[PDB]
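Take a look at the structure set out below.
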Amino acid sequence: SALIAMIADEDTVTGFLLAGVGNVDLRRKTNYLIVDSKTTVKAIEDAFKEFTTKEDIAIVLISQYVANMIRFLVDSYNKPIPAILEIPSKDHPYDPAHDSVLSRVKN
Amino acid sequence: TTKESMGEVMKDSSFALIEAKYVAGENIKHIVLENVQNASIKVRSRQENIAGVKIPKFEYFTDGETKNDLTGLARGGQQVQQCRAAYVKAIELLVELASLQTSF
Amino acid sequence: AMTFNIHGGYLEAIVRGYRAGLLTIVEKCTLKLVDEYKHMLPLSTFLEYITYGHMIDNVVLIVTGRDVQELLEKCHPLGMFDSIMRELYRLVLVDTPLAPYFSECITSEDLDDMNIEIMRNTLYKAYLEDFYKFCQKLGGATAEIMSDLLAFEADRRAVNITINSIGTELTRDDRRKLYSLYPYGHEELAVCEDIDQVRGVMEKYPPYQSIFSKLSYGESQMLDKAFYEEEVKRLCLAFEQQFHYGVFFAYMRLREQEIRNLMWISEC
């Protein structure tokens, strides 16, 4: 269907949000803008459990797991389809830590 | 293999942002945010029974249905070659991750 | 050039000193340049026209429609003029010579100024009106440099149109009109419909010629990046720093180029 990050480094996310249509996976009309670092990104995990799990958006995104605060989405390893994400660099190189799918994928 | 492609995907993506800064400077920001020439965020996933177990085929952006493009920006081609390629990699990454978790 | 000695010597000297002084970070540098201009507030008309273009940019950002006020605040106060949607564009038309042409091009207000392709035409019309305001300086060597820069911008717009905006369905006559004395006539670059064919004709333009050279980055790009090397050359045109003339717009351009170089450097 779609994939909403609603929080990330946003550098590549803005370029990957939308160009012609698709409402940037409804990240503008619904959910939240891909930009982050303004507030706690645990709310991003909450939205992924709420919005991404609502079948509208398949996946999410978090950067480097350092300031991504993705430890709240550590239990999101179960049900991989509602909560699937990989840490890119996007000027913040990925650091392996407790995250949405990082622990499962690494193992 | 997809994880190996990951990280290098972001390294390639950073070049698109550098090109955008060099050519068009600051992005449109706000709702528009510029920097996108292709890879509209629209996907199509379905659970498929493989080896007697349903596996979701998570095809994300740049490999999912209803993907759209709007011409090219000053670095829109670089964004398509870098950011949209990352989306194509991420589609396979999500599909493989879901399949691997279910199979495990 | 005895008129400079008769009057206006102190302001010209201050502007020249501010120019020679400069050789996130880009936003901070632009805000510092705006503060210097405000402290300063002939060459004054040229600086006003440069600020008019920088305010056409912010108005196109504001005429559309998302924290727009925050985005304008993040921009330089020279770019985001304090004096300053159809109503938004109409209000921008006042105190800014560049805005009314952008409003005329954008018949549907924000809709006809979409950041994908339509905002390009709106900003092109705004730049055309800003160039008219610059031409309202009654000519000059700085006016000649501004005309050359406007011709470079028009050639870049036409090249980008032929490259990508054909898919955006911008009419060839309209796109040529969208791509803007010298900027007004660019039929050589619009003769070739093919993107590869039109790129050579656009590079054949004297502003783009001898500057882009290989043009691995530049003419191939869309938007207004075709004359990127010509912009740096025009910055080097100000490096002559000939006195007794109006070069405040050249000083602002040099400060903006320094800010852009600092941004490109970024970390290390």
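Residues are named by chain letter and number: chains run A, B, ... in the order of the structure tokens, numbers start at 1 in each chain, and ligands are numbered from 1 in the order shown.
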Tell me as JSON, numbers by chain which residues belonging to chain A come within 8 Å of chain B, counting only C-alpha atoms. {"A": [1, 2, 3, 11, 12, 13, 14, 15, 16, 17, 18, 19, 20, 21, 22, 23, 24, 25, 28, 58, 59, 79, 80, 81, 84, 85, 88, 89, 90, 91, 93, 94, 104, 105]}
Mind writing the picked residues with C-alpha atoms as a PDB file, in the first residue's frame?
```pdb
ATOM      1  CA  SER A   1       0.000   0.000   0.000  1.00  0.00           C
ATOM      2  CA  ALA A   2       2.414   2.654   1.267  1.00  0.00           C
ATOM      3  CA  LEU A   3       5.155   3.283   3.823  1.00  0.00           C
ATOM      4  CA  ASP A  11      17.526  14.157   3.961  1.00  0.00           C
ATOM      5  CA  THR A  12      16.824  11.228   1.644  1.00  0.00           C
ATOM      6  CA  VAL A  13      13.241  10.941   2.924  1.00  0.00           C
ATOM      7  CA  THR A  14      12.228  14.307   1.471  1.00  0.00           C
ATOM      8  CA  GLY A  15      13.604  13.237  -1.904  1.00  0.00           C
ATOM      9  CA  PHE A  16      11.883   9.866  -1.480  1.00  0.00           C
ATOM     10  CA  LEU A  17       8.607  11.234  -0.084  1.00  0.00           C
ATOM     11  CA  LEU A  18       6.788  12.049  -3.333  1.00  0.00           C
ATOM     12  CA  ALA A  19       7.352  13.836  -6.628  1.00  0.00           C
ATOM     13  CA  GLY A  20       4.169  13.554  -8.675  1.00  0.00           C
ATOM     14  CA  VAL A  21       1.566  12.084  -6.354  1.00  0.00           C
ATOM     15  CA  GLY A  22       0.752   9.252  -3.927  1.00  0.00           C
ATOM     16  CA  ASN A  23       0.505  11.887  -1.127  1.00  0.00           C
ATOM     17  CA  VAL A  24       3.984  10.798   0.044  1.00  0.00           C
ATOM     18  CA  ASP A  25       2.347   7.650   1.461  1.00  0.00           C
ATOM     19  CA  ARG A  28       1.397  14.792   4.627  1.00  0.00           C
ATOM     20  CA  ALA A  58       3.645  -0.965   5.298  1.00  0.00           C
ATOM     21  CA  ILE A  59       7.001   0.224   6.648  1.00  0.00           C
ATOM     22  CA  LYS A  79       4.559  -9.033  13.119  1.00  0.00           C
ATOM     23  CA  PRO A  80       7.352  -7.953  10.741  1.00  0.00           C
ATOM     24  CA  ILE A  81       4.994  -6.643   8.039  1.00  0.00           C
ATOM     25  CA  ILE A  84       9.664  -3.336   9.257  1.00  0.00           C
ATOM     26  CA  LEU A  85      12.518  -0.835   9.115  1.00  0.00           C
ATOM     27  CA  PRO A  88      20.231   3.895   6.818  1.00  0.00           C
ATOM     28  CA  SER A  89      23.016   6.440   7.205  1.00  0.00           C
ATOM     29  CA  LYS A  90      21.460   9.584   5.670  1.00  0.00           C
ATOM     30  CA  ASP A  91      24.404  11.575   7.126  1.00  0.00           C
ATOM     31  CA  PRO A  93      25.771   6.257   9.923  1.00  0.00           C
ATOM     32  CA  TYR A  94      23.833   3.262  11.202  1.00  0.00           C
ATOM     33  CA  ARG A 104      15.978  -9.589  14.355  1.00  0.00           C
ATOM     34  CA  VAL A 105      17.748  -8.890  11.050  1.00  0.00           C
TER      35      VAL A 105
END
```
May I have the residues of chain C within 9 Å of chain B, counting only C-alpha atoms, written as a count of residues only? 30
If you run DSSP on the backbone here, which positions in stretch 65-123 of chain C get helix (DSSP H, G or I)? Please write them as a ChimeraX atom specification. /C:68-74,86-93,99-105,111-113,118-123
Those selected residues, please, written with C-alpha atoms and delivered as a CSV table (one decimal), in the first residue's frame.
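again_36.csv was written with the following content:
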```
chain,number,residue,atom,x,y,z
C,68,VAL,CA,5.4,28.9,6.0
C,69,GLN,CA,6.0,31.7,8.4
C,70,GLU,CA,8.8,29.6,10.1
C,71,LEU,CA,10.3,28.9,6.6
C,72,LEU,CA,10.3,32.7,5.8
C,73,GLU,CA,11.9,33.4,9.2
C,74,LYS,CA,14.6,30.9,8.5
C,86,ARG,CA,-4.3,34.8,-4.5
C,87,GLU,CA,-4.5,37.3,-1.6
C,88,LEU,CA,-1.0,36.5,-0.5
C,89,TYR,CA,0.4,37.0,-4.0
C,90,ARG,CA,-1.6,40.3,-4.4
C,91,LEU,CA,-0.2,41.6,-1.1
C,92,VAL,CA,3.3,40.5,-2.2
C,93,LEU,CA,2.9,42.5,-5.4
C,99,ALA,CA,5.9,39.7,-7.3
C,100,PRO,CA,3.2,41.0,-9.7
C,101,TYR,CA,4.7,39.2,-12.7
C,102,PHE,CA,4.8,36.0,-10.7
C,103,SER,CA,1.2,36.4,-9.8
C,104,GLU,CA,0.3,37.0,-13.5
C,105,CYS,CA,2.1,33.8,-14.4
C,111,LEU,CA,-2.0,25.8,-7.8
C,112,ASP,CA,-0.3,27.5,-10.8
C,113,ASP,CA,2.8,27.8,-8.6
C,118,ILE,CA,4.6,25.6,-12.1
C,119,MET,CA,6.6,27.3,-9.3
C,120,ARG,CA,9.4,27.4,-11.8
C,121,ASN,CA,7.3,29.4,-14.2
C,122,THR,CA,6.1,31.7,-11.4
C,123,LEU,CA,9.6,32.3,-10.2
```
Identify, on the basis of only C-alpha atoms, every residue whose closest approach to stretch 29-42 of chain A does not exceed 7 Å; exclude the query and any residue fewer than 6 positions from it along the same chain; express the result as a ChimeraX atom specification. /A:5-10,13,23,51,68-70,72
Store the residues picked out above in a file with N, CA and C atoms, as a compact mmCIF listing (two decimals), in the first residue's frame.
```txt
# COMPACT_ATOMS: atom_id res chain seq x y z
N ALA A 5 7.30 6.93 7.30
CA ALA A 5 8.35 7.02 8.30
C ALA A 5 7.92 7.98 9.40
N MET A 6 7.56 9.21 9.01
CA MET A 6 7.04 10.25 9.89
C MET A 6 8.10 10.75 10.86
N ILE A 7 9.28 10.14 10.84
CA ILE A 7 10.46 10.64 11.55
C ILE A 7 11.68 9.97 10.95
N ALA A 8 12.69 10.77 10.61
CA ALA A 8 13.96 10.27 10.09
C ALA A 8 14.97 11.40 9.99
N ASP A 9 16.16 11.11 9.46
CA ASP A 9 17.08 12.18 9.09
C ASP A 9 16.46 13.09 8.04
N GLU A 10 15.54 12.54 7.24
CA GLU A 10 14.67 13.28 6.32
C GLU A 10 15.42 13.81 5.11
N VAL A 13 14.68 11.19 2.82
CA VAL A 13 13.24 10.94 2.92
C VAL A 13 12.46 11.99 2.15
N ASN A 23 0.64 11.20 -2.41
CA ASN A 23 0.50 11.89 -1.13
C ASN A 23 1.66 11.57 -0.18
N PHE A 51 -0.40 4.00 13.01
CA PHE A 51 -0.67 4.33 11.62
C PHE A 51 -0.14 3.28 10.65
N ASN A 68 17.59 7.83 17.45
CA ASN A 68 16.31 7.43 16.89
C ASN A 68 15.34 6.96 17.96
N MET A 69 15.84 6.66 19.16
CA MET A 69 15.00 6.22 20.28
C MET A 69 14.10 5.05 19.88
N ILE A 70 14.66 4.11 19.11
CA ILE A 70 13.88 3.01 18.56
C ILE A 70 13.79 1.84 19.53
N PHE A 72 11.90 1.75 22.02
CA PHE A 72 10.48 1.58 22.30
C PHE A 72 9.83 0.62 21.31
```
